[PDB]
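Structure, as structure tokens:
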Amino acid sequence: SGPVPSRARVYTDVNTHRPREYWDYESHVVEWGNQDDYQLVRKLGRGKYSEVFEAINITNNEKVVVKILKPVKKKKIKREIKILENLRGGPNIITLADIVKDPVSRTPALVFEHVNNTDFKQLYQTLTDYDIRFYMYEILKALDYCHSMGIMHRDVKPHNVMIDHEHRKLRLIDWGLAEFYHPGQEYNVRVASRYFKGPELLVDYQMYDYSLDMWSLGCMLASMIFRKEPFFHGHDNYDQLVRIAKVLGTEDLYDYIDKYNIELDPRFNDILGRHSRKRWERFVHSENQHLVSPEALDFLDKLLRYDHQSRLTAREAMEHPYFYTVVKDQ
Ligand SMILES: Cc1cnc(Cl)c2c1[nH]c1ccc3cc(O)ccc3c12
């Protein structure tokens, strides 16, 4: 057999000890609420699998968000519902408030708590150094919680982090790509958005884990402190790896793939080239230098590693000196 196997270094056996029904989402029996409780007000967006609306709950008069599914890959339906139910109440995880049958589409409609957020292209230009540290800690709370519950998000991106800046409140949304981690399981590499895909995805390595989410958060951090959106700006999936290699170097890339006995797609032969690892100071200039510190760079350096096993875990990340200046609640 070809590729060397891999395991999460934390929360490894979390699912294997749980009752079968916790992770066996296929068997879950959906509890339906009352569709007439809700009234659609404004369409907020169309995803790949769904349509999203601001609504209002008529029974309590409170604002709500309704995601109406478009079932073509029907398995993801029971998977997402079970994941949000398992995670409900956790820190900075969006609350699934109800599940109703939509009379028009005839499909499930997830009803979430309302969060009033601002556009990230507008918001990621405003964040002071202090505020980057604050919100990063808040994200980590969300990620450690779901990782501890045996769940990987697999789509961390600025779009999926809803932020109420006036109230300094944060929520991690869109659990449509989320999955239960089972040691030794082979996963689909076709997940996450292009700029936020970890090296494991890009080299076709299927036995990945929670550490996928940490590469992603790494990409977000780099874009914030350096003011460069996105940080790794690929034309496509292949060039995306080339973009990573121009920063982290090709020798460490070859070391990664060699450790796991993986073969790069031969398409890379004529496009990858030879690149040294860059020092993080090369991305610093007079416009972003107020967002950068020794601690910020060390922290970043420990998130953005090729080897998914060498990345900081969420809990270790919360232990980093980067977070010392941040006041905790309470
Ligand atoms: C594409 C997509 C998928 N899933 C969710 Cl929950 C959302 C989404 N877009 C939005 C936009 C605003 C939202 C506000 C919420 O309070 C909760 C979820 C969303 C969502």
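In the structure tokens, chains take the letters A, B, ... in the order shown, each chain's residues start at 1, and ligands count up from 1 in the order shown.
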task: Around ligand 1, at most 9 Å away and counting only C-alpha atoms and all ligand atoms, which residues are there? Put them as a ChimeraX atom specification, please.
output: /A:44-54,64-67,94-96,110-117,159-160,162,171-176
field: Filtered DSSP result for stretch 210-305 of chain A, state alpha helix (DSSP H), as a PyMOL selection string
entry: chain A and resi 211-226+237-248+250-259+294-303
Go ahead and write the selection's residues with C-alpha atoms as a JSON list (two decimals), in the first residue's frame.
```json
[["chain", "number", "residue", "atom", "x", "y", "z"],
["A", 211, "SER", "CA", -5.90, 20.49, 11.75],
["A", 212, "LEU", "CA", -7.46, 21.34, 8.35],
["A", 213, "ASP", "CA", -9.40, 24.13, 10.13],
["A", 214, "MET", "CA", -6.20, 25.54, 11.61],
["A", 215, "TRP", "CA", -4.52, 26.03, 8.17],
["A", 216, "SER", "CA", -7.65, 27.94, 7.12],
["A", 217, "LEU", "CA", -7.55, 30.16, 10.23],
["A", 218, "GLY", "CA", -3.87, 30.63, 9.37],
["A", 219, "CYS", "CA", -4.88, 32.01, 5.95],
["A", 220, "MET", "CA", -7.40, 34.40, 7.58],
["A", 221, "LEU", "CA", -4.85, 35.70, 10.07],
["A", 222, "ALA", "CA", -2.20, 36.35, 7.39],
["A", 223, "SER", "CA", -4.76, 38.34, 5.35],
["A", 224, "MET", "CA", -5.66, 40.46, 8.43],
["A", 225, "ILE", "CA", -2.23, 41.36, 9.82],
["A", 226, "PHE", "CA", -0.56, 41.92, 6.42],
["A", 237, "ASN", "CA", -6.35, 24.61, -7.33],
["A", 238, "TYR", "CA", -2.92, 23.79, -8.83],
["A", 239, "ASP", "CA", -1.55, 27.30, -8.84],
["A", 240, "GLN", "CA", -2.95, 27.66, -5.29],
["A", 241, "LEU", "CA", -0.26, 25.13, -4.18],
["A", 242, "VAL", "CA", 2.33, 27.06, -6.25],
["A", 243, "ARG", "CA", 1.35, 30.23, -4.34],
["A", 244, "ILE", "CA", 1.91, 28.46, -1.06],
["A", 245, "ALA", "CA", 5.24, 27.13, -2.23],
["A", 246, "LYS", "CA", 6.54, 30.65, -3.13],
["A", 247, "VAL", "CA", 6.17, 31.59, 0.56],
["A", 248, "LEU", "CA", 6.87, 28.35, 2.50],
["A", 250, "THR", "CA", 9.50, 23.77, -2.12],
["A", 251, "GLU", "CA", 12.03, 21.80, 0.02],
["A", 252, "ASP", "CA", 9.62, 21.65, 2.96],
["A", 253, "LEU", "CA", 6.81, 20.74, 0.49],
["A", 254, "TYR", "CA", 8.83, 17.74, -0.77],
["A", 255, "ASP", "CA", 9.60, 16.79, 2.84],
["A", 256, "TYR", "CA", 5.81, 16.76, 3.62],
["A", 257, "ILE", "CA", 4.84, 14.60, 0.62],
["A", 258, "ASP", "CA", 7.89, 12.33, 1.27],
["A", 259, "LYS", "CA", 6.86, 11.76, 4.95],
["A", 294, "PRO", "CA", 6.96, 39.36, 17.12],
["A", 295, "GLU", "CA", 4.10, 37.40, 18.75],
["A", 296, "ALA", "CA", 1.84, 37.75, 15.67],
["A", 297, "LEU", "CA", 4.53, 36.32, 13.38],
["A", 298, "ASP", "CA", 5.49, 33.44, 15.68],
["A", 299, "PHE", "CA", 1.78, 32.57, 16.04],
["A", 300, "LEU", "CA", 1.22, 32.67, 12.27],
["A", 301, "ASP", "CA", 4.35, 30.63, 11.57],
["A", 302, "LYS", "CA", 2.99, 27.84, 13.80],
["A", 303, "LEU", "CA", -0.41, 27.74, 12.01]]
```
field: Picked from stretch 62-211 of chain A by DSSP as strand (DSSP E or B), as a PyMOL selection string
entry: chain A and resi 63-69+93+96-101+108-113+151-152+161-164+169-172+179-180
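For the choices A:132, A:41, A:83, A:99, the atom-to-atom distance to residue A:326 is smallest for A:132 when using only C-alpha atoms.
Among A:140, A:201, A:152, A:127, the residue with the shortest atom-to-atom distance to residue A:165, counting only C-alpha atoms, is A:127.
Nearest residue to residue A:135, choosing from A:169, A:290, A:57, A:284 and counting only C-alpha atoms: A:169.
The two atoms in question, atom CA of residue A:163 and atom CA of residue A:84, are spaced 18.9 Å apart.
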query: What is the atom CA of residue A:327 to atom CA of residue A:168 distance in Å?
result: 12.9 Å
message: Show me, as a PyMOL selection string, the residues that have an atom within 7 Å of residue A:155 when counting only C-alpha atoms, minus same-chain residues fewer than 5 positions from it.
response: chain A and resi 177+191-193
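When only C-alpha atoms are used to measure the gap to residue A:6, the shortest distance among A:280, A:205, A:268, A:120 belongs to A:205.
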